[PDB]
Every structure is written in structure tokens, then in C-alpha cells.
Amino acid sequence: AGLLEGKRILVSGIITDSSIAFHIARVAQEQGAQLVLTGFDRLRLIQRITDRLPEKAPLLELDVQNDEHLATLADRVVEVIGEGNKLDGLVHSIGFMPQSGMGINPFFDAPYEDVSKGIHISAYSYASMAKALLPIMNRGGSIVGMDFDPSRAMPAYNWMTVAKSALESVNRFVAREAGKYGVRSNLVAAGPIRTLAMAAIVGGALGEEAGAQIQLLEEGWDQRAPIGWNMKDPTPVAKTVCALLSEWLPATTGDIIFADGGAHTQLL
């Protein structure tokens, strides 16, 4: 019997096999969870990617900017998991900011239309997914979202950092709503992970100076972390998400759990 034996968990945010959500899904299945996946836009690709997970998982389309996708989401989940069953967990692993809001593009030059799209996808959608799915979640259930510590400004991340600050605030209000259902809501603040997008940025996709600054940020992270930090290994992040989905942190909600090697607790 695994950490999540028999639990029904919805996992958003898989796009490649380097997505943090891919490893969340893998570890959850290793620990006995039965998954429902949601994917955005490139559903043929996502299906082929998730064929590599240890167990079969039904895939549902979900664009979090599409009010109609959200209005049907709960019914579509029930079609998959069966009438009379509910979800035990919800993983939000969704983030986006248009290029104008990141990289070497000046902070002041991001038009609000772009910033607003990034905040819609990266922060507001944490509330609207909770709105859609709380009516079909069991008492004792768990909502978990992915965070990148925005308490201090940093180069290049720019308006994505602002979106994460908003997300942390949203999580504290979602916890108030979720508590009425006996459900917890928490974020995992991860250290940097070399996803396909992050590797491309370090390669210069958003400008050379931005790539240079993000590379220096990654190096200092492993240096500061008392137990080190391996940006090529998302398994410690996936395990921490699974910890929050289990019943082993039953009095934690509205909160942020750091899976970052301890880097944020050290100055140098």
C-alpha cells in the first residue's frame, strides 16, 4: 500500500516529460493514486507523453481561460471516475507569462494586456479550478499548487514573480473556501527546475543577459542550499506535493511548503 493508495487525484500541467506535473503524476501513481489528467491545447502530444506514465490515466482538455471548459470540468471528471465517486486531490501545475513580461524585455515595457493574461493563467486559475472541483472533492482532500518564492525581486522573472505573489494571496483565500468542504489548500515553493522552457531561457530564448542572470541564480541556489539543489531532478518536488496530498500534514492549510533544498533560509 502506497502513500496515496486508492486516492483519486486530478493533475494539471503536463506538457512534456520534463514538466514538474509529469513527475508529480509518476510519483503519485507509484504510490497507488488513480489519476485524472488535464491538458491544454496540444492534446495529441500530451497523450503521447503521458503514455509513458506507469499506469493509464484519462486525459481531459482544460484551457483555464475558457469559462466553458471550467463550467463542464466537474461533470467531465465524474464521467471518468464514476457517479458517486469524488476526487481526493487537485494538483495545479500551471503557469504562463507572455515574453514581454520576462527576460531582457524591460519591466516597464510589458503592456498590461500581456501581464493580465499571465496573471489569469498563473494566479486566478487557482481559484477558478477550486471553484469548479470543490463540489466533487471528499472531506480530507487536498489542493496543491506550484509556487516560485516571490518574496524578493529577482532579475528576468519580472512579471512572473508578480503573478506568483498574487497566487500566494489567492491560495490563502482558497483555503478559506476549501475549509468549508474539509479540504486543505497549499502551495509548494520549488527551487529552479530545468524544464524544456527553462533550458531554452538559459540558452538565450529571452535574451542573453536574461539567460546569464537565470544561470547565476541557479548556481547560487545549490550553493546556498544546506542539502544542495539539483535542478535536473524534480523527484524531491514531486514527493513533497505527494506529501501534501496525503493525510500526513492534516493541519496545514493556506500555507507554503518550501521544496528548495533550504536555499531560502540562508543568505550566503
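Each residue number is its position in the shown sequence, starting from 1.
A.B. asks: Could you check the entry and say whether 70 to 78 or 173 to 181 has the higher mean CA B-factor?
C.D. replies: According to the PDB entry, the answer is 70 to 78.
A.B. asks: Output the stretch having the higher mean C-alpha B factor in the entry; the candidates are 80 to 88 and 137 to 145.
C.D. replies: Between 80 to 88 and 137 to 145, it is 80 to 88.
A.B. asks: Would you mind finding, among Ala28, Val64, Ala210, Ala225, the residue with the largest C-alpha temperature factor in the entry?
C.D. replies: Result of the comparison over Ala28, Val64, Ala210, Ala225: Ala210.
A.B. asks: Based on what the PDB entry reports, which of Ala243, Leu206, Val237, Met231 has the top C-alpha B-factor?
C.D. replies: Answer, based on the entry's C-alpha B-factors: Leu206.
A.B. asks: Compare the C-alpha B factor of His264 with those of the other modelled residues in its chain, then answer lowest, middle or highest third.
C.D. replies: For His264, the deposited C-alpha B-factor lands in the lowest third.
A.B. asks: Where does the C-alpha B-factor of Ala197 rank in its chain, lowest, middle or highest third?
C.D. replies: Answer is highest: the recorded C-alpha B-factor places it there.
A.B. asks: By the record's CA B-factor, is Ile104 among the lowest, middle or highest third of residues in the chain?
C.D. replies: Highest third.
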